[PDB]
Amino acid sequence: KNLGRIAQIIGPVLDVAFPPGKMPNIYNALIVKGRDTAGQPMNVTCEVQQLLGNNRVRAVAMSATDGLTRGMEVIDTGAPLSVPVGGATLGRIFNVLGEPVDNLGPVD
Amino acid sequence: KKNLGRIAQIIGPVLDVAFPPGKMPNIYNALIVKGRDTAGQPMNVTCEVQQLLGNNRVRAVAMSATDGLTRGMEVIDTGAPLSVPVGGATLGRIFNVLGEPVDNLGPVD
Amino acid sequence: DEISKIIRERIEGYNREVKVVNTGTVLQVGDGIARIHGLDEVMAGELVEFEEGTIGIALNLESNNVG
Amino acid sequence: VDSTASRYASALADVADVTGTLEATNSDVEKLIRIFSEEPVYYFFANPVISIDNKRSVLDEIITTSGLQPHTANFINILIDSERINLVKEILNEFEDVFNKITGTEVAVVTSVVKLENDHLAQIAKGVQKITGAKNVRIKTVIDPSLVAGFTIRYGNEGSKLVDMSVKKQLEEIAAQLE
């Protein structure tokens with residue numbers, strides 16, 4: 001739940017600062033609320049692949065990192081990568097992280 | 001031109017020179033070391049810059065022998081790349097990169 | 001310890017001098033790239049322009065510098 | 001700990017030991033720590049896109065407005081000319097520790113819900129003086145309502161040695177009822 005900041009991004013890898021005591025465990029998702037090319041807000045996820053220490057965690061972004069400036073507000077989920085499961089999954093094509101791309105509709 | 005650079009680090013063919021904080025030579029300029037040989041006469045080791053190292057320091061490239069240069073020598077910028085004589089003058093003379101006629105003949109235009 | 005008002009004023013004035021909101025400065029330019037100081041609000045891939053307009057794009061967005 | 005910084009602070013502590021101004025220099029670096037708890041002066045000194053001459057001027061101004069010896073100021077001048085200015089916070093945080101080292105005043109840290117008297121502080125201080133060889137033993141307390149039964153003491157080079165009498169009984173018997 002801790003709200004973090006961007007230190008560095010280098011292509012798809014990231015450096016996310018965090019509160020001095022609280023830190024995500026390794027393989028926790030990182031929600032970075034960004035913007036589009038015209039500034040409408042969009043979300044790019046990341047995954048903690050390493051904990052470098054000194055309140056910095058290494059994050060590999062599942063989406064392309066065009067839309068994410070340095071110092072941007074990063075939000076932690078605490079739990080690992082959640083995906084919807086059940087009868088909704090049958091017959092629908094998904095992305096990497098459960099958000100479907102058949103465009104019949106959203107998930108349930 | 002009209003400045004003074006200090007040799008700071010010589011790892012063989014590469015040279016670290018420091019300049020006054022304002023005046024800094026462009027990339028691919030031509031330094032000229034006012035060095036000396038083993039006989040002490042003022043001998044030149046012309047020098048091409050490749051990269052701004054930062055912290056008012058640059059990294060360079062020596063166009064001739066490095067054996068005989070000390071940390072604390074002096075160097076002068078020309079403000080331009082290594083100019084070479086052109087035209088009908090340079091016809092029939094051995095030439096080096098320093099624009100020097102190497103064969104035992106007189107000077108050039 | 002005592003931070004005087006002339007000292008504080010000179011510090012803040014120089015910091016405003018070096019840190020302009022839209023811009024930054026050049027640290028090192030080695031063989032076709034640049035490590036730019038500052039630019040804490042810029043976007044990776046978003047084009048930058050130097051003095052005398054020689055255009056460049058930004059990739060290596062590090063913490064001290066940006067590539 | 002032969003860090004990038006510990007050689008600098010040990011050199012300054014050695015200079016203060018030979019010259020004989022150690023307890024003054026600790027107050028000096030406390031003033032400098034209070035200086036470098038702030039962001040603007042630390043950003044002024046750390047960042048590499050400010051020329052050296054105004055740095056000289058403003059450090060001389062801070063020395064004149066704070067009244068210090070060149071015994072201290074030469075260290076900061078050496079730091080800036082060697083571009084280790086980014087680690088002044090580290091050097092000054094470890095210099096009090098190397099002062100405790102070469103002047104034998106071990107910091108003792110305890111944490112509990114503690115509301116102690118001079119008896120607890122004095123007796124545990126003299127005990128750890130006996131078992132650790134402190135010239136003078138000095139104390140510190142931390143008040144935290146988490147630990148119920150007893151305390152949790154920390155000491156050593158980096159607080160590395162720990163013998164807690166609050167929850168080791170707890171966790172020991174929690175692990176031992178299954179064992």
# chains A, B, ... in the order shown; residues from 1 in each chain; ligands from 1

call {"tool": "closest_atom_pairs", "arguments": {"of": "segment 5-108 of chain D", "to": "segment 15-28 of chain C", "cutoff": "8 Å", "atoms": "only C-alpha atoms", "output": "Markdown table"}}
result
| residue | atom | partner | partner_atom | distance |
| --- | --- | --- | --- | --- |
| D:40 | CA | C:15 | CA | 7.8 |
| D:44 | CA | C:15 | CA | 6.7 |
| D:49 | CA | C:18 | CA | 7.3 |
| D:50 | CA | C:18 | CA | 7.3 |

call {"tool": "write_last_selection", "arguments": {"atoms": "N, CA, C and O atoms", "output": "PDB file, in the first residue's frame"}}
result
ATOM      1  N   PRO D  40      19.179  22.153   1.392  1.00  0.00           N
ATOM      2  CA  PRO D  40      19.725  23.120   0.423  1.00  0.00           C
ATOM      3  C   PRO D  40      21.236  23.254   0.473  1.00  0.00           C
ATOM      4  O   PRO D  40      21.869  23.304  -0.584  1.00  0.00           O
ATOM      5  N   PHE D  44      23.752  22.138  -2.373  1.00  0.00           N
ATOM      6  CA  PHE D  44      24.733  23.119  -2.822  1.00  0.00           C
ATOM      7  C   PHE D  44      26.114  22.497  -2.919  1.00  0.00           C
ATOM      8  O   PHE D  44      26.828  22.680  -3.910  1.00  0.00           O
ATOM      9  N   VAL D  49      27.651  20.673 -10.693  1.00  0.00           N
ATOM     10  CA  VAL D  49      27.519  21.676 -11.741  1.00  0.00           C
ATOM     11  C   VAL D  49      27.519  23.064 -11.121  1.00  0.00           C
ATOM     12  O   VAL D  49      26.854  23.984 -11.612  1.00  0.00           O
ATOM     13  N   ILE D  50      28.253  23.216 -10.027  1.00  0.00           N
ATOM     14  CA  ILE D  50      28.519  24.509  -9.414  1.00  0.00           C
ATOM     15  C   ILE D  50      30.028  24.677  -9.321  1.00  0.00           C
ATOM     16  O   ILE D  50      30.735  23.764  -8.881  1.00  0.00           O
TER      17      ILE D  50
END

call {"tool": "interface_residues", "arguments": {"of": "chain B", "to": "chain C", "cutoff": "10 Å", "atoms": "only C-alpha atoms", "output": "VMD selection string"}}
result
chain B and resid 27 50 to 59

call {"tool": "write_last_selection", "arguments": {"atoms": "C-alpha atoms", "output": "short mmCIF file (atom, residue, chain, number, x, y, z; two decimals), in the first residue's frame"}}
result
data_model
loop_
_atom_site.label_atom_id
_atom_site.label_comp_id
_atom_site.auth_asym_id
_atom_site.auth_seq_id
_atom_site.Cartn_x
_atom_site.Cartn_y
_atom_site.Cartn_z
CA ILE B 27 35.60 17.63 -29.52
CA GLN B 50 37.91 12.79 -28.06
CA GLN B 51 35.65 13.24 -25.05
CA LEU B 52 34.68 15.66 -22.31
CA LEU B 53 35.38 13.65 -19.15
CA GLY B 54 33.56 16.13 -16.93
CA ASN B 55 34.57 17.88 -13.70
CA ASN B 56 36.45 20.35 -15.96
CA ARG B 57 38.65 17.46 -17.13
CA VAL B 58 38.95 15.91 -20.59
CA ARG B 59 40.37 12.74 -22.11
#

call {"tool": "closest_atom_pairs", "arguments": {"of": "chain A", "to": "chain C", "cutoff": "10 Å", "atoms": "only C-alpha atoms", "output": "CSV"}}
result
residue,atom,partner,partner_atom,distance
A:6,CA,C:63,CA,9.0
A:7,CA,C:63,CA,5.5
A:8,CA,C:62,CA,4.6
A:9,CA,C:61,CA,5.6
A:10,CA,C:60,CA,5.3
A:11,CA,C:59,CA,7.1
A:14,CA,C:62,CA,9.5
A:15,CA,C:63,CA,8.8
A:37,CA,C:46,CA,9.9
A:65,CA,C:44,CA,7.8
A:66,CA,C:44,CA,6.5
A:67,CA,C:43,CA,7.0
A:68,CA,C:43,CA,6.4
A:69,CA,C:43,CA,4.5
A:70,CA,C:40,CA,6.0
A:71,CA,C:40,CA,7.2
A:72,CA,C:41,CA,8.8

call {"tool": "write_last_selection", "arguments": {"atoms": "C-alpha atoms", "output": "PDB file, in the first residue's frame"}}
result
ATOM      1  CA  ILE A   6      10.869   6.621  -9.213  1.00  0.00           C
ATOM      2  CA  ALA A   7      14.623   6.972  -8.888  1.00  0.00           C
ATOM      3  CA  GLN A   8      15.747   5.642 -12.282  1.00  0.00           C
ATOM      4  CA  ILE A   9      14.286   3.922 -15.301  1.00  0.00           C
ATOM      5  CA  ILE A  10      16.612   2.344 -17.865  1.00  0.00           C
ATOM      6  CA  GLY A  11      14.530   0.940 -20.680  1.00  0.00           C
ATOM      7  CA  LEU A  14      13.295   0.473 -12.900  1.00  0.00           C
ATOM      8  CA  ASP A  15      14.565   1.867  -9.598  1.00  0.00           C
ATOM      9  CA  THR A  37       1.312  10.885 -25.071  1.00  0.00           C
ATOM     10  CA  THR A  65       7.981   2.381 -20.063  1.00  0.00           C
ATOM     11  CA  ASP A  66       7.048   5.254 -22.385  1.00  0.00           C
ATOM     12  CA  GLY A  67       4.734   7.336 -20.195  1.00  0.00           C
ATOM     13  CA  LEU A  68       6.712   7.215 -16.946  1.00  0.00           C
ATOM     14  CA  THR A  69       8.880  10.144 -15.858  1.00  0.00           C
ATOM     15  CA  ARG A  70      11.392  10.204 -13.028  1.00  0.00           C
ATOM     16  CA  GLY A  71       9.912  10.816  -9.600  1.00  0.00           C
ATOM     17  CA  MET A  72       6.498   9.478 -10.613  1.00  0.00           C
TER      18      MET A  72
END

call {"tool": "select_by_dssp", "arguments": {"residues": "chain D", "states": "strand (DSSP E or B)", "output": "PyMOL selection string"}}
result
chain D and resi 105-112+136-143+153-155+161-163

call {"tool": "write_last_selection", "arguments": {"atoms": "C-alpha atoms", "output": "PDB file, in the first residue's frame"}}
result
ATOM      1  CA  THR D 105      33.030   5.431  25.324  1.00  0.00           C
ATOM      2  CA  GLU D 106      30.780   2.586  24.179  1.00  0.00           C
ATOM      3  CA  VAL D 107      27.205   3.572  23.336  1.00  0.00           C
ATOM      4  CA  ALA D 108      24.700   1.218  24.961  1.00  0.00           C
ATOM      5  CA  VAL D 109      21.225   0.989  23.419  1.00  0.00           C
ATOM      6  CA  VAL D 110      18.222  -0.599  25.153  1.00  0.00           C
ATOM      7  CA  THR D 111      14.638  -0.778  23.879  1.00  0.00           C
ATOM      8  CA  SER D 112      11.452  -1.682  25.792  1.00  0.00           C
ATOM      9  CA  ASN D 136      33.602   5.299  30.339  1.00  0.00           C
ATOM     10  CA  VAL D 137      30.298   3.593  29.650  1.00  0.00           C
ATOM     11  CA  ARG D 138      27.540   5.778  28.230  1.00  0.00           C
ATOM     12  CA  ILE D 139      23.856   5.004  27.973  1.00  0.00           C
ATOM     13  CA  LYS D 140      20.901   5.449  25.651  1.00  0.00           C
ATOM     14  CA  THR D 141      17.263   4.448  26.069  1.00  0.00           C
ATOM     15  CA  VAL D 142      14.491   3.726  23.570  1.00  0.00           C
ATOM     16  CA  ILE D 143      10.871   3.641  24.760  1.00  0.00           C
ATOM     17  CA  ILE D 153      19.868  -4.324  24.732  1.00  0.00           C
ATOM     18  CA  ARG D 154      22.175  -3.684  21.764  1.00  0.00           C
ATOM     19  CA  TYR D 155      25.894  -2.900  21.728  1.00  0.00           C
ATOM     20  CA  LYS D 161      25.774  -8.117  20.071  1.00  0.00           C
ATOM     21  CA  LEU D 162      22.263  -8.493  21.468  1.00  0.00           C
ATOM     22  CA  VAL D 163      20.899 -10.188  24.594  1.00  0.00           C
TER      23      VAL D 163
END

call {"tool": "atom_distance", "arguments": {"atom1": "atom CA of residue 68 of chain D", "atom2": "atom CA of residue 2 of chain C"}}
result
11.9 Å

call {"tool": "atom_distance", "arguments": {"atom1": "atom CA of residue 70 of chain B", "atom2": "atom CA of residue 102 of chain B"}}
result
26.9 Å

call {"tool": "residues_around", "arguments": {"residues": "residue 37 of chain B", "least_positions_apart": "4", "cutoff": "12 Å", "atoms": "only C-alpha atoms", "output": "PyMOL selection string"}}
result
chain B and resi 33+41-45+65-70

call {"tool": "atom_distance", "arguments": {"atom1": "atom CA of residue 52 of chain D", "atom2": "atom CA of residue 48 of chain C"}}
result
27.8 Å

call {"tool": "residues_around", "arguments": {"residues": "residue 71 of chain B", "least_positions_apart": "6", "cutoff": "10 Å", "atoms": "only C-alpha atoms", "output": "list in words"}}
result
residues 6, 7, 8, 9, 10, 15, 16 and 17 of chain B

call {"tool": "residues_around", "arguments": {"residues": "residue 3 of chain B", "least_positions_apart": "4", "cutoff": "8 Å", "atoms": "only C-alpha atoms", "output": "list in words"}}
result
residues 20, 23, 76 and 77 of chain B

call {"tool": "decode", "arguments": {"residues": "segment 7-24 of chain D", "atoms": "N, CA and C atoms", "output": "PDB file, in the first residue's frame"}}
result
ATOM      1  N   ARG D   7      38.225   5.654   6.269  1.00  0.00           N
ATOM      2  CA  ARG D   7      39.620   6.079   6.295  1.00  0.00           C
ATOM      3  C   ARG D   7      39.728   7.581   6.515  1.00  0.00           C
ATOM      4  N   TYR D   8      38.800   8.351   5.948  1.00  0.00           N
ATOM      5  CA  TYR D   8      38.801   9.794   6.154  1.00  0.00           C
ATOM      6  C   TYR D   8      38.519  10.152   7.609  1.00  0.00           C
ATOM      7  N   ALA D   9      37.453   9.586   8.174  1.00  0.00           N
ATOM      8  CA  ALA D   9      37.106   9.907   9.551  1.00  0.00           C
ATOM      9  C   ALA D   9      38.146   9.380  10.527  1.00  0.00           C
ATOM     10  N   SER D  10      38.776   8.244  10.219  1.00  0.00           N
ATOM     11  CA  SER D  10      39.846   7.768  11.084  1.00  0.00           C
ATOM     12  C   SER D  10      41.085   8.643  10.968  1.00  0.00           C
ATOM     13  N   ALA D  11      41.338   9.222   9.790  1.00  0.00           N
ATOM     14  CA  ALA D  11      42.447  10.162   9.660  1.00  0.00           C
ATOM     15  C   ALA D  11      42.189  11.435  10.457  1.00  0.00           C
ATOM     16  N   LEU D  12      40.961  11.959  10.396  1.00  0.00           N
ATOM     17  CA  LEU D  12      40.637  13.150  11.179  1.00  0.00           C
ATOM     18  C   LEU D  12      40.695  12.858  12.673  1.00  0.00           C
ATOM     19  N   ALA D  13      40.215  11.684  13.086  1.00  0.00           N
ATOM     20  CA  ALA D  13      40.286  11.315  14.493  1.00  0.00           C
ATOM     21  C   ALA D  13      41.728  11.149  14.944  1.00  0.00           C
ATOM     22  N   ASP D  14      42.585  10.610  14.075  1.00  0.00           N
ATOM     23  CA  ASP D  14      44.000  10.505  14.406  1.00  0.00           C
ATOM     24  C   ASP D  14      44.636  11.883  14.556  1.00  0.00           C
ATOM     25  N   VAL D  15      44.267  12.824  13.682  1.00  0.00           N
ATOM     26  CA  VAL D  15      44.807  14.179  13.773  1.00  0.00           C
ATOM     27  C   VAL D  15      44.345  14.855  15.059  1.00  0.00           C
ATOM     28  N   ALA D  16      43.080  14.653  15.430  1.00  0.00           N
ATOM     29  CA  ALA D  16      42.581  15.224  16.678  1.00  0.00           C
ATOM     30  C   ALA D  16      43.212  14.549  17.888  1.00  0.00           C
ATOM     31  N   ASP D  17      43.587  13.275  17.754  1.00  0.00           N
ATOM     32  CA  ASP D  17      44.223  12.571  18.860  1.00  0.00           C
ATOM     33  C   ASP D  17      45.646  13.062  19.083  1.00  0.00           C
ATOM     34  N   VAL D  18      46.414  13.227  18.005  1.00  0.00           N
ATOM     35  CA  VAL D  18      47.771  13.748  18.146  1.00  0.00           C
ATOM     36  C   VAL D  18      47.745  15.197  18.608  1.00  0.00           C
ATOM     37  N   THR D  19      46.915  16.027  17.977  1.00  0.00           N
ATOM     38  CA  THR D  19      46.879  17.442  18.319  1.00  0.00           C
ATOM     39  C   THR D  19      46.216  17.710  19.662  1.00  0.00           C
ATOM     40  N   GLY D  20      45.341  16.820  20.124  1.00  0.00           N
ATOM     41  CA  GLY D  20      44.702  16.982  21.415  1.00  0.00           C
ATOM     42  C   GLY D  20      43.573  17.990  21.424  1.00  0.00           C
ATOM     43  N   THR D  21      42.576  17.787  20.561  1.00  0.00           N
ATOM     44  CA  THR D  21      41.371  18.609  20.553  1.00  0.00           C
ATOM     45  C   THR D  21      40.125  17.770  20.281  1.00  0.00           C
ATOM     46  N   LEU D  22      40.106  16.529  20.782  1.00  0.00           N
ATOM     47  CA  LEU D  22      39.106  15.542  20.379  1.00  0.00           C
ATOM     48  C   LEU D  22      37.695  15.950  20.795  1.00  0.00           C
ATOM     49  N   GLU D  23      37.508  16.272  22.076  1.00  0.00           N
ATOM     50  CA  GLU D  23      36.183  16.603  22.585  1.00  0.00           C
ATOM     51  C   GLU D  23      35.655  17.911  22.016  1.00  0.00           C
ATOM     52  N   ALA D  24      36.543  18.802  21.576  1.00  0.00           N
ATOM     53  CA  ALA D  24      36.107  19.980  20.835  1.00  0.00           C
ATOM     54  C   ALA D  24      35.655  19.599  19.432  1.00  0.00           C
TER      55      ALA D  24
END
